[PDB]
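This report refers to the structure that appears directly beneath it.
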Amino acid sequence: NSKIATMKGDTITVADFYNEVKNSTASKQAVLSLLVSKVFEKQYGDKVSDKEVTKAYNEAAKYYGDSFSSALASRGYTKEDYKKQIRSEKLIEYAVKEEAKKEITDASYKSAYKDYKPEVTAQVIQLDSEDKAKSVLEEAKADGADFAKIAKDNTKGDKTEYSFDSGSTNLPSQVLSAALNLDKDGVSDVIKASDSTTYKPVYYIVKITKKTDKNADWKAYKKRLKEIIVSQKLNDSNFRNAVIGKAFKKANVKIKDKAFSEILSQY
Amino acid sequence: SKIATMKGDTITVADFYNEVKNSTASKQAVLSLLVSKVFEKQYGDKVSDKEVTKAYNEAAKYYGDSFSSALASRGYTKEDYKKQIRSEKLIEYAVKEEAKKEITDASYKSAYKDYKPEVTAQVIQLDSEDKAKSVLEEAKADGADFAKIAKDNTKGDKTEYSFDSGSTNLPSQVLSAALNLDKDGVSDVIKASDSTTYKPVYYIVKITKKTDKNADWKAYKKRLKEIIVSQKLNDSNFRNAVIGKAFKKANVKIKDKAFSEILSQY
Ligand SMILES: [Cl-]
Ligand SMILES: [Cl-]
Ligand SMILES: [Cl-]
Ligand SMILES: [Cl-]
Ligand SMILES: [Cl-]
Ligand SMILES: [Cl-]
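Chain order of the listed sequences is A and B.
Okay, so the first sequence: first residue is 28 according to the entry's author numbering, each after it adds one.
Okay, so the second sequence: first residue is 29 according to the entry's author numbering, each after it adds one.
In structure tokens:
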């Protein structure tokens with residue numbers, strides 16, 4: 028198309044260049060990125076505001092602090108490519124969440140009520156040492172239980188008052204799940220759980236404070252249950268590849284150059 | 029000129045170029061092409077595509093059948109590899125030729141200065157430093173014993189080696205230290221290392237036949253002429269210079285600012 032470098036005789040052109048990086052595994056990620064952008068920018072471009080993109084960018088900075096500038100250059104990213112990738116993950120997210128709320132049927136709300144426990148409120152005791160978890164346990168199982176005290180005088184940190192459903196993100200699955208099975212004013216056992224980043228086995232002790240009735244009507248919890256089916260679909264690759272496989276067809280996307288033929292081998 | 033199409037929008041090669049031009053991988057692509065074309069019109073007839081095929085076959089036999097997967101693990105193709113062997117040979121020939129031009133008499137003076145006559149010794153290669161001591165002391169009985177205890181002890185294939193101060197037969201340690209002995213005599217346990225593994229190898233050199241310096245140039249020229257080349261040949265700083273010159277002759281100049289300082293190192 029254009030010229031890149033000149034020399035006596037032959038010269039480098041945008042074509043000669045493309046003919047080299049054309050089959051580059053890194054080029055496939057580029058073409059596929061332009062498709063996702065142009066497609067979702069026309070079908071959802073107005074949905075996600077450039078104001079939301081900023082909020083996410085500013086938070087991304089506040090976290091890495093004065094390391095953000097470095098952290099980016101590290102994994103090969105300019106401060107414009109990052110703020111540009113935050114928008115795409117937010118477009119595909121908006122699309123993945125509206126279509127996840129369309130397919131919802133009756134059988135789904137009924138297959139989501141089976142394995143669902145009502146919201147609970149307990150006194151959690153997080154610990155790093157397992158022998159200390161076995162210690163606070165017998166103190167909790169004494170004549171003067173006084174669990175709340177044992178908690179506030181031993182917890183690894185954070186708080187002691189925790190509220191959670193069955194499919195809610197608040198405590199490790201191990202804890203979250205074993206905790207619900209307990210009944211009104213029921214003390215747990217030493218629960219071993221991995222950490223989100225340090226993988227340092229954290230040991231928890233939970234005691235149910237206030238709990239409610241399981242209930243039997245599905246329409247009763249359509250609020251929680253509905254946002255839970257979306258929460259799962261939104262976290263499912265096969266479903267995300269699918270909503271992309273849809274938008275791409277709705278945009279009648281069709282590759283011309285063979286090199287990138289296997290790009291939509293998952294859409 | 030277009031890559032993919034859609035409803036009311038199109039992805040042309042222009043959009044793509046404006047996406048990966050500032051990429052680090054793309055900077056290498058421009059350079060590789062710029063390097064090839066220049067060394068092709070200036071030294072293409074010097075490197076025969078028949079000489080590249082032999083160099084390629086050597087790589088194959090070495091990696092054996094795993095050559096296919098090996099290239100895949102490095103991201104190379106089975107043509108891009110052979111393609112790289114050519115540019116790796118064009119530049120190599122330019123360095124040898126270019127380095128064999130500004131050769132001055134003073135260059136031969138600084139070469140004969142620290143040079144030493146070619147010597148032949150009955151070397152011994154060992155794994156553990158422990159036996160490296162055992163073989164030495166048992167070699168200190170009558171003297172001529174070292175001969176037989178050098179055949180059934182050396183971990184290497186041959187014992188007789190022919191080297192000077194510019195060869196790369198034995199390690200630099202076991203090389204220079206082996207040129208500090210007399211016409212005859214053994215040496216101390218030289219602690220060296222392997223190229224493939226880091227395993228420390230312990231050598232024991234024994235001079236058998238030596239020559240002597242002739243305090244002259246041509247007395248040792250074809251050797252002091254190859255050493256200067258092999259030195260500028262392995263000097264990255266000088267290698268950059270030849271590229272800087274080839275590019276200077278082809279009057280090379282970039283037009284897109286997206287690849288401005290790609291020759292700042294050249
Ligand atoms: Cl829609
Ligand atoms: Cl609190
Ligand atoms: Cl249960
Ligand atoms: Cl002089
Ligand atoms: Cl004998
Ligand atoms: Cl031999």
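Don't be surprised by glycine CBs; every beta carbon is placed ideally from N, CA and C.
Residues of chain B with CB under 8 Å from residue i, in chain order?
i	result
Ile-39/A	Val-58, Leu-61, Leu-62 and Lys-65
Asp-43/A	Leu-61
Put residue i into one of helix, strand or coil per three-state DSSP.
i	result
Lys-219/A	strand
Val-75/A	coil
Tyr-90/A	helix
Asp-37/B	strand
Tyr-230/B	strand
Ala-32/B	strand
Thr-196/B	coil
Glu-107/B	coil
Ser-190/A	strand
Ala-122/B	helix
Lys-141/A	coil
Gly-272/B	helix
residue 13/A	With chain A running from 28 to 294 in the structure shown, residue 13/A is simply not present.
residue 10/B	Nothing in the structure corresponds to residue 10/B, since chain B is present only between 29 and 294.
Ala-149/B	strand
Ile-131/A	coil
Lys-253/B	helix
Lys-238/A	strand
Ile-290/B	coil
Please classify residue i: is it buried, with 16 or more other beta-carbons within 10 angstroms of its beta-carbon, or exposed?
i	result
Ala-139/A	buried
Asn-181/B	buried
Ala-167/A	buried
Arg-102/B	exposed
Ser-215/B	buried
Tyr-189/A	buried
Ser-288/A	exposed
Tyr-226/A	exposed
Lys-260/A	buried
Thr-187/A	buried
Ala-100/A	exposed
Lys-82/A	exposed
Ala-274/B	buried
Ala-175/B	exposed
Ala-32/A	buried
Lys-65/A	buried
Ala-206/B	buried
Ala-243/A	exposed
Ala-172/B	exposed
Restricting to Cα atoms, I'd like to know which of the options is closest to residue i.
i	options	result
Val-257/A	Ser-135/A, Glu-68/A and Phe-95/A	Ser-135/A
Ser-193/A	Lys-144/A, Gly-184/A and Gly-213/A	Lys-144/A
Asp-222/B	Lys-281/B, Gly-184/B and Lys-211/B	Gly-184/B
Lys-285/A	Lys-49/A, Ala-42/A and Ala-32/A	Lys-49/A
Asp-212/B	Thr-196/B, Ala-220/B, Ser-195/B and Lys-234/B	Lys-234/B
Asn-279/B	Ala-172/B, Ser-51/B and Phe-67/B	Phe-67/B
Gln-70/A	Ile-218/A, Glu-146/A and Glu-125/A	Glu-125/A
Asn-265/A	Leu-207/A, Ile-282/A, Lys-283/A and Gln-293/A	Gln-293/A
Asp-263/A	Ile-282/A, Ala-172/A, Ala-127/A and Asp-240/A	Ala-127/A
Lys-237/A	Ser-94/A, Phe-191/A and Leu-198/A	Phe-191/A
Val-63/A	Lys-219/A, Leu-198/A and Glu-116/A	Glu-116/A
Which residues in chain A have a C-beta closer than 9 Å to the C-beta of residue i? List them in chain order.
i	result
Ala-160/B	The contacting residues do not exist; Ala-160/B stays about 46 Å from chain A at best.
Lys-281/B	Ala-32, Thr-33 and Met-34
How would you list, in chain order, the residues of chain B whose beta-carbon sits under 9 Å from the beta-carbon of residue i?
i	result
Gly-103/A	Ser-51 and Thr-52
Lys-69/A	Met-34, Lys-35, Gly-36 and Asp-37
Starting from residue i, find everything on chain A with Cβ-Cβ shorter than 8 Å and list it in chain order.
i	result
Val-75/B	Result: empty, since nearest Cβ-Cβ is about 18 Å, beyond 8 Å.
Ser-29/B	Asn-28
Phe-287/B	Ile-31 and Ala-32
Starting from residue i, find everything on chain B with Cβ-Cβ shorter than 7 Å and list it in chain order.
i	result
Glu-47/A	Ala-57 and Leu-61
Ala-278/A	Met-34 and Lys-35
For residue i, which residues in chain A fall below 7 Å Cβ to Cβ?
i	result
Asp-284/B	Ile-31
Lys-82/B	Per Cβ cutoff of 7 Å: no residues; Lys-82/B is ~26 Å from chain A at best.
- Item | Meets three-Cβ-pair contact criterion under 8 Å: the stretch 230-245 of chain B and the stretch 104-123 of chain B | Taking 8 Å as the limit for Cβ pairs, the verdict is that the stretch 104-123 of chain B does not touch the stretch 230-245 of chain B.
- With contact counted as at least three CB pairs below 8 Å, one residue from each stretch, are the stretch 28-38 of chain A and the stretch 244-260 of chain A in contact? In this structure the stretch 28-38 of chain A does not touch the stretch 244-260 of chain A; the number of beta carbon pairs closer than 8 Å is below three.
- Message: Count Cβ pairs between the stretch 191-205 of chain B and the stretch 147-159 of chain B that sit closer than 8 Å; are there 3 or more?
- Response: At 8 Å Cβ cutoff, the stretches touch.
- Item | Touching by the beta-carbon criterion (3+ pairs, under 8 Å), the stretch 155-171 of chain A and the stretch 93-113 of chain A | Contact between the stretch 155-171 of chain A and the stretch 93-113 of chain A is absent: fewer than 3 CB-CB pairs across the two stretches fall below 8 Å.
- Take every Cβ of the stretch 267-281 of chain A, pair it with every Cβ of the stretch 45-61 of chain A, and state whether three or more of those distances are shorter than 8 Å. The stretch 267-281 of chain A is not in contact with the stretch 45-61 of chain A.
- Taking three-plus beta-carbon pairs below 8 Å as touching, is the stretch 165-179 of chain A in contact with the stretch 243-250 of chain A? When C-beta atoms of the stretch 165-179 of chain A are compared with those of the stretch 243-250 of chain A, fewer than three pairs fall below 8 Å, so the two segments do not count as touching.
- Query: Using 8 Å as the threshold, is the stretch 79-93 of chain B in touch with the stretch 35-46 of chain B, meaning 3 or more CB pairs across them?
  - Reply: They do not touch, by the three-pair rule.
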